[PDB]
Structures are given as structure tokens and as C-alpha cells.
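I have placed the structure first, in the form of C-alpha cells, so that the comments after it can refer back to it.
Below, chain A is the first sequence line, B the second, and so on; all start at residue 1. Values reported hereafter were calculated over all heavy atoms of this structure, with side chains retained and with hydrogens, waters and symmetry mates removed. Counting convention: from 1, in listed order, for ligands and their atoms alike.
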Protein chains: 2
Amino acid sequence: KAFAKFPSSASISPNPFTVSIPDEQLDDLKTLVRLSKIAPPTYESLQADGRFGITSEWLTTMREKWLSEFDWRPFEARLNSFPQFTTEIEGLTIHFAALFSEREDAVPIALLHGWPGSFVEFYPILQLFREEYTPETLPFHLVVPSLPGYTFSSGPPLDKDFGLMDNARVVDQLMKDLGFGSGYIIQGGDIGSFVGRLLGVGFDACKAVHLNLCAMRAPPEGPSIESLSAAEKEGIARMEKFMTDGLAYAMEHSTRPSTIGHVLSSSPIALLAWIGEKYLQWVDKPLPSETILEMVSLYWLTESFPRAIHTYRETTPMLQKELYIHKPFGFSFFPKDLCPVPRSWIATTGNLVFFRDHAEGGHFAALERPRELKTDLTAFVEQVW
Amino acid sequence: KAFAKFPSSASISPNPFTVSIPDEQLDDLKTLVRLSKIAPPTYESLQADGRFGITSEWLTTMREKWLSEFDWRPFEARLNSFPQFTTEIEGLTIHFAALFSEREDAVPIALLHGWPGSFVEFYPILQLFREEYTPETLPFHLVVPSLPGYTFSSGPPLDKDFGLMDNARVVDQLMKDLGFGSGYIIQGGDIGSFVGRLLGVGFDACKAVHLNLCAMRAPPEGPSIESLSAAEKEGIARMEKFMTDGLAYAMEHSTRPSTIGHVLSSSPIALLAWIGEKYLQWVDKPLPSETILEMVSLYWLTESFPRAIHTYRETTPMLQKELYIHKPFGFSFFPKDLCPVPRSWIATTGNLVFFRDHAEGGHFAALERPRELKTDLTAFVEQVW
Ligand SMILES: CCCC(CCC)C(N)=O
Ligand SMILES: CCCC(CCC)C(N)=O
């Protein structure tokens with residue numbers, strides 16, 4: 001119960017949450033893994049560079065590991081190693097993990113995941129904080145919500161559409177419910193950066209926003225592409241290849257969410273292939289194979305996929321004007337994330353007072369470079385709060 | 001044995017082929033249908049208009065029918081009701097159905113299927129010819145090949161890339177093997193129309209081409225989208241919707257064929273969702289539910305999907321110049337196929353000497369409107385041969 005006490009000004013009741021998947025669901029996962037079939041080998045599945053997606057070799061070995069090496073129980077205990085709670089907001093059950101400080105002056109921060117991630121993405125950073133602070137000295141309140149449609153959060157609604165602004169509104173309400181209406185900071189990557197920008201733009205209690213993703217076109221009023229350094233041009237080139245060769249999954253989520261939702265719900269191996277591809281291609285250094293299995297299993301056991309992808313019709317269907325962040329705005333750049341835009345471009349989308357360049361790390365910043373992201377966020381808060 | 005005799009000038013021996021799927025394969029299929037999971041209901045899968053893809057209701061109903069009503073054996077007997085053969089070309093096993101005339105002067109025609117179709121698409125046309133003629137009066141040789149990577153054809157190769165031109169080369173060589181080196185005509189729709197175009201462009205034994213698809217953008221020289229009729233502009237808008245809201249599946253096939261191949265091989269429910277969506281959306285009048293079950297089961301049992309999608313790299317990554325059909329060119333227009341372009345546009349892409357416009361019918365012309373397609377084709381052949 002260390003770090004678990006709600007701040008003094010929270011208005012909601014603490015409802016402690018524990019992950020406890022019944023053995024039957026685990027047995028059924030294994031059964032469905034076993035019954036699943038692998039594609040016959042094809043020219044494309046035999047390409048070791050994986051330019052056409054996951055290889056037969058990888059899927060074959062991952063499937064065997066899932067049946068024989070994988071154990072949910074230690075990962076689950078790890079999920080349960082931090083304080084978690086649920087609360088209801090607009091009739092939605094909203095799950096969140098948290099490290100709450102006992103200091104009255106602690107800066108409230110919400111850290112926002114995306115797809116195919118989750119609240120667990122931030123666990124390595126929570127771990128560093130717990131190794132390095134006590135509840136008495138912890139300088140921040142660290143709130144890690146599950147966004148509507150993900151894992152232990154319910155939703156989105158069945159009877160109406162739901163988008164990025166609805167996600168933002170829920171996050172702000174959580175922060176308000178926990179006692180943070182006088183101010184909070186947002187850390188956001190992936191879909192959480194879209195949500196974080198909206199909080200910065202339109203929500204008075206959001207005082208500052210740090211992002212590790214700024215997906216954007218060339219700014220209308222410049223600077224132009226030719227003003228970019230050779231290295232920044234390499235980044236734009238990587239982004240353009242992502243935008244042309246790497247976005248088909250997102251356009252399927254966007255245009256046919258119901259179809260792909262059913263497709264990936266039918267077999268755990270379908271889900272692994274689709275989500276596994278991104279955990280392979282979107283990082284700098286390869287993740288442990290068990291981490292991929294853990295994340296995919298988490299999605300499977302919570303039926304996350306068909307619920308989570310609603311925002312794709314908004315993210316993958318103004319940054320200088322309507323969605324310009326007037327508040328203190330920070331950015332951490334990791335080169336192997338998918339949209340490596342230059343600082344000069346990012347600077348046009350908000351009041352950029354803080355920028356950190358990194359030599360390594362890909363899309364899953366919190367998982368891949370937890371120290372660098374924690375350090376960057378800490379410096380940002382110390383600068384602007 | 002009727003209609004099964006190879007022409008006198010064939011250089012290959014007949015190797016008669018029969019579909020015979022073992023009971024164990026059907027048993028495994030049924031079990032995977034039963035134990036594959038369905039997504040929980042979402043806002044998207046509750047949309048009765050299906051704008052987000054297949055609904056929970058449809059998939060649930062189709063699954064119940066697949067388990068309790070579907071029977072592979074009568075469909076299989078139907079496959080086996082026309083002459084079928086295999087021959088080896090470039091180390092590939094090439095399957096084809098056929099009605100061979102005993103008339104020495106019979107016009108050789110190959111009819112080319114696409115995705116998610118197969119040789120059986122042309123069975124209604126073959127039956128109409130069989131009812132109308134005897135082997136001694138049949139005016140055409142009707143060859144219906146299975147393209148590399150589909151159903152009972154093997155391949156494509158595991159050790160090299162394979163594309164549309166390779167498909168054209170295989171078809172042209174099959175026709176030569178069967179004795180038609182002095183000339184043949186091609187009917188093509190879907191991917192078969194891309195292959196059909198390449199045969200008209202680059203293969204001299206191909207004497208004329210009839211297509212029911214001509215996917216293209218506005219021609220440079222004319223006429224402009226402005227001068228088009230109201231009905232033509234409505235067609236342009238349907239095509240434009242297809243290219244923007246309806247193309248994600250193809251972009252996934254194109255960019256990540258290995259991943260989607262494995263996804264859809266993992267569970268027959270996955271395959272049914274992905275392919276069934278297209279059998280629903282691409283037709284004019286709804287097909288019987290059992291037809292979709294039959295088409296999907298045929299893909300499942302032959303592991304067609306991962307092998308067949310190789311051409312998408314080229315079809316979904318010139319028509320007035322390099323790929324202009326200088327040979328007699330014919331076109332059948334069915335309004336609910338996916339790219340309904342004006343006749344004036346089509347005319348810029350070949351020597352268009354034949355055009356038939358239809359009030360009804362969608363993508364799967366041979367299936368949906370067999371009398372119209374057979375009839376258009378006969379008229380075309382008699383005119384140009
Ligand atoms: C919000 C959509 C962003 C993309 C990844 C690009 C960085 C995704 N998660 O599908
Ligand atoms: C070759 C791409 C054609 C499309 C349908 C549009 C007519 C398909 N079969 O994927």
C-alpha cells in the first residue's frame with residue numbers, strides 16, 4: 001500500500017484493482033494457440049529482412065514459446081506490483097496504475113499510452129521512481145490511465161461514436177477526480193500524444209505537455225524541406241516511407257474497424273501476427289520475445305483490440321493554428337520512432353520551451369529508453385512548473 | 001469424358017484432376033470454426049449499414065450456418081462436374097477446368113479469375129455452354145485456369161519474386177501447350193484483367209482481349225470529368241470512394257503480404273471475415289450465404305490466401321502508351337463493379353472495337369450475370385476473330 005493513498009483533495013473513493021485472470025481463460029488461450037494454423041511458407045514469409053511482415057520462422061518459434069515457455073502468472077504479479085484502481089467516468093470503467101506522493105506539493109502528471117501499447121508500457125519508469133524515492137520524497141503524482149477501450153478499462157460506448165476529444169475529456173476528468181483540477185502535466189506518445197495535444201489546447205487544468213511524438217506535414221509558412229539538415233532530411237524520408245509502405249494496418253483500423261476487430265479476435269495467433277509485426281518494426285533494439293507475448297496476451301485476455309481502434313478514424317482519416325499548444329510544450333526525440341520530424345517543424349505547433357535529442361531508441365520510448373524518458377520528463381517539469 | 005479431349009495440336013498429355021479433400025481436413029475446419037472466437041459487440045460491429053465492415057450479427061449467423069448447414073461434399077461434386085486437369089509449367093502445378101470442342105476450327109478462349117475468386121467463378125458460364133452445345137457443335141475451346149497461387153495451382157515460387165507478367169507468361173504457355181499457339185482470346189476481370197492486358201500488350205499468340213475491369217484515373221488528353229454524364233460522374237464517385245474508403249485490405253496485401261497471410265491462415269473465421277466482407281460489398285444482388293461459405297472454405301482448404309496475394313505489390317502499388325492494347329479490345333460494363341469508368345476513358349487504353357453497357361450486376365460478373373457475360377463474349381469473339 002506504499003504510494004497507494006489518494007491525494008488529499010481527491011473527490012472519488014479508492015477502488016483498488018488487482019489483475020486476476022481465471023485458469024480457464026489461460027487454458028483456452030493455450031488451446032486456441034495450439035489449434036491455430038501457420039500459413040504455408042511463401043516467398044514473402046521467407047524474407048529475413050521482414051520487409052513483407054512477420055516471417056514464418058518468427059511466428060513458428062513464437063507459437064512454440066507461447067505454448068511451452070510462456071507463463072501469464074509472473075507477468076500478472078508484475079502488473080499487480082504497483083497500485084491500480086478503477087473509477088467510473090461517464091459510465092465507463094476507467095482503470096489506472098499510479099504512484100501517489102505523500103507530498104502535498106507533488107506535481108501531478110498523467111502518462112498516456114497508445115496502440116498497441118497500454119499502461120504497462122510505463123511500468124519500467126514507475127519502477128525507477130520506486131527504486132529511487134519513498135512516498136514521502138516522491139516529487140510527482142504519477143497517473144497511468146488505461147484509455148477507453150484498452151485492457152482493464154471498459155468502453156468505448158456501443159450506442160454512439162467516440163473519438164480523441166472524448167478520450168481527452170475522460171483523462172482530464174480522472175485528473176480532476178483525483179484532486180488535480182488546480183493543475184496537471186501530460187506526458188504523451190503515440191495516440192496519447194494526440195490526446196495530450198488536445199488537453200494542452202483546450203483544457204484549463206492541463207498546464208504543460210511533454211510529447212515523444214509529433215506526427216505532422218511540412219508547415220505551411222515553413223521552414224521548407226530544403227532548409228533541413230541532411231540528417232533531418234533522412235528523418236523526413238523515413239517518415240514518408242512509413243506513410244506509404246507502413247500505414248496499411250492503420251487504414252484498415254480506420255476504414256474497416258469491425259472487420260479487422262473480428263479477424264484479430266478469432267485466434268490469438270492472428271493477434272500476435274498483426275501486433276507482433278509492430279513490436280518488431282517500431283523499436284530500435286529488439287524487445288525480448290516474452291515481452292511481446294505478454295503484451296499480446298494482455299490484449300487477448302481483455303479483448304482490447306476491437307475496442308481500442310476507434311480513434312484510428314480520427315488519427316488516420318491546423319497544428320499551427322487551432323491545435324497549437326500555447327502552454328509550455330516539451331519534446332523528446334528518439335530517432336527510430338516512425339515520424340521523425342525536425343525541431344523547427346515541431347516548434348511551429350506549440351510553445352516549445354524544451355527539446356531533447358537522443359541518439360538511440362524507437363517508438364516505444366517508455367519501454368526502450370525508460371531512463372532517458374524519465375530524466376527528460378523530470379527536467380521538463382522542473383523547468384516549467 | 002464429354003468435352004475432355006485435348007485438341008489435336010496439344011503438346012501435353014491429359015492429366016485428369018479430381019478434387020478430393022480428406023475427412024480429417026474437413027473435421028479440422030469444422031473444429032476451428034466452432035472454437036474460433038468472435039469479437040465482443042462494439043459500436044462499429046453494431047452498425048447495420050456495414051460501413052465499418054461485417055457486423056457481429058452477420059458473422060454470428062454465418063458461423064452457425066457454417067457449422068449446421070454447410071456441406072463441402074455437394075460443392076466438391078460440383079467442382080468435379082466439369083473436366084479438370086493439371087500440367088507442370090516452370091516447376092509449378094497449374095490446374096485448369098475446361099470444355100474442349102471437337103471442332104478443329106473452335107476459337108480458343110481462356111477466362112481469367114481474380115481475388116477472392118477462382119476457376120469456379122466461371123462454372124455458370126461453362127454450364128450454359130454445355131447445355132447449349134454438344135462437343136461436336138461447341139464453337140469455342142473454354143479454358144479456365146487457376147492462376148499461380150490459387151486453389152489447386154501451386155506456387156508462386158519460394159525463391160524469387162513473382163508478378164503480373166509471370167502470370168501472363170504462364171497462361172500464354174498453358175494455351176500453347178494445349179495447342180493454341182496459332183491464336184487465342186482472353187476474357188479477364190479483376191486481377192485477370194491486369195494479366196489479360198499484359199497478354200494483349202506483349203504476347204503475340206493472344207489475338208484479342210475482352211475485359212470487365214479497366215481500373216484507371218482520368219486520361220490526360222480527354223475527356224474531362226466535366227463533360228461526363230451525370231451517370232458517369234456517379235460512377236466516378238463510387239470508384240473514388242473505393243480508392244479512399246475501400247482499399248485498405250489491398251494496401252495490406254500489397255505492403256505486408258506475409259503478416260496478413262499468417263493472420264488469415266490462423267483461423268477460418270478470420271478468413272471468412274476478411275473475404276466475406278468483399279463478397280458482401282462487391283456484388284449487386286446479394287449472393288446466397290452458402291456461396292460465400294463455399295468460396296471461403298475452398299480458399300481455406302487449398303491455403304490460397306497467402307499465396308494468391310503476391311500480385312497486389314503490382315496492382316496496388318501507362319495505359320495510353322506502354323500498356324495500350326493494340327489488339328481488338330472489348331469491354332463489358334457492370335455498374336456495381338468497383339471502378340466504373342466512362343467508355344471514353346476505356347477507349348484511350350486500347351483498340352476498343354466492342355462495348356456493352358449493363359443496367360445491373362456487380363464485381364463478380366461471371367457469377368452474378370453469367371448469361372450477359374457469356375453473351376457479350378460470344379458477340380465479341382465472333383466480331384473480332
Ligand atoms: C496515432 C496513430 C499513430 C501510429 C504510429 C505512428 C507513430 C499508430 N500507433 O498506429
Ligand atoms: C486488383 C485489385 C482489384 C480489386 C477489386 C477492385 C475491382 C481486388 N480484387 O482486390
Side-chain angles (χ1 to χ4, degrees), chain A residues 112-117 121 147 163-164 167 188-197 211-216 238-239 242-243 246-254 274-275 277-279 281-283 308-317 334 336-341 362-365, chain B residues 112-118 121 147 164 167 188-197 211-216 238-239 241-243 246-254 274-275 277-279 281-283 305 308-317 334 336-341 362-365:
Chain A
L112 310 184
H113 77 262
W115 187 99
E121 275 188 66
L147 295 178
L164 291 166
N167 279 262
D190 199 77
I191 300 167
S193 67
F194 286 74
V195 173
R197 176 176 289 281
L211 305 180
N212 65 103
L213 179 67
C214 190
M216 66 181 295
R238 293 196 305 274
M239 178 176 66
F242 175 72
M243 294 191 291
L247 264 189
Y249 78 102
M251 280 306 295
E252 185 66 14
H253 294 176
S254 182
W274 190 268
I275 287 179
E277 188 203 292
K278 313 310 194 189
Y279 279 109
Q281 301 188 340
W282 292 359
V283 295
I309 62 164
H310 64 275
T311 56
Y312 276 92
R313 54 200 182 255
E314 295 193 337
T315 58
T316 56
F334 302 91
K336 298 202 178 164
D337 205 343
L338 301 140
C339 300
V341 286
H363 167 87
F364 296 97
Chain B
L112 308 184
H113 77 259
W115 185 98
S118 65
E121 225 176 294
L147 295 173
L164 294 168
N167 279 261
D190 198 78
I191 295 161
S193 76
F194 287 80
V195 176
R197 180 172 290 274
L211 304 179
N212 65 107
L213 181 71
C214 190
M216 71 184 290
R238 294 196 304 272
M239 179 171 74
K241 185 176 186 54
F242 175 71
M243 297 295 294
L247 247 212
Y249 80 102
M251 287 303 299
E252 181 71 12
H253 289 184
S254 177
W274 187 268
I275 292 177
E277 189 200 296
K278 309 310 185 180
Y279 276 110
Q281 293 186 356
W282 292 358
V283 299
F305 177 87
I309 60 166
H310 61 277
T311 53
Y312 279 87
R313 306 197 263 291
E314 288 178 357
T315 60
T316 323
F334 298 93
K336 302 193 183 180
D337 204 343
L338 296 137
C339 309
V341 299
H363 179 75
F364 295 95

Please check: side-chain N/O of [X] versus main-chain N/O of [Y], any donor-acceptor pairing under 3.5 Å?
X      : Y      : value
B:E314 : B:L164 : yes
B:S254 : B:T316 : yes
A:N212 : A:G188 : yes

Numbering as shown, the atoms of ligand 2 that approach B:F242 to under 4.0 Å (heavy-atom distance):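 Counting atoms of ligand 2 from 1, those under 4.0 Å from B:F242 are 6 (C).
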
Considering only heavy atoms of B:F194, which atoms of ligand 2 have at least one such atom less than 4.0 Å away?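 This gives 1 (C) as the contact atoms.
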
What protein heavy atom sits nearest [atom], and how far away is it?
atom                   : value
atom 1 (C) of ligand 1 : A:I191 CG1, 3.4 Å
atom 2 (C) of ligand 1 : A:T315 OG1, 4.0 Å
atom 9 (N) of ligand 2 : B:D190 OD1, 2.6 Å
atom 4 (C) of ligand 2 : B:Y249 OH, 3.2 Å

Mark yes when over 12 heavy atoms from residues, nucleotides or ligands other than B:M243 sit less than 6.0 Å from its CE; otherwise mark no.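 For B:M243, atom CE is not crowded (no more than 12 foreign heavy atoms under 6.0 Å).
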
Determine whether more than 12 heavy atoms belonging to other residues, nucleotides or ligands lie under 6.0 Å from atom NZ of B:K336.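 No, the 6.0 Å shell around NZ holds no more than 12 heavy atoms from other groups.
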
Would B:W115 count as being in polar contact with ligand 2, using the rule that some N or O on each side must be under 3.5 angstrom apart? yes

Could you tell me whether some N/O pair between B:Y312 and ligand 2 is separated by less than 3.5 angstrom?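 N/O-N/O distance under 3.5 Å: yes.
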
Answer side chain, backbone, both or neither: which part of A:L213 comes under 4.0 Å from ligand 1, heavy atoms only.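 Answer for A:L213: side chain.
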
Decide whether A:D190 and A:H113 meet the rule of one side-chain donor and one side-chain acceptor closer than 3.5 Å.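 A:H113 and A:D190 do not have a side-chain donor-acceptor pair below 3.5 Å.
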
Hey, is B:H363 touching ligand 2 through its side chain, its backbone, both or neither, going by heavy atoms under 4.0 Å?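 For B:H363, the contact with ligand 2 is made by the side chain alone.
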
Gap separating the SG atom of B:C339 from the NE2 atom of B:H363, nearest 0.5 angstrom: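 Reported to 0.5 Å precision, the distance equals 9.5 Å.
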
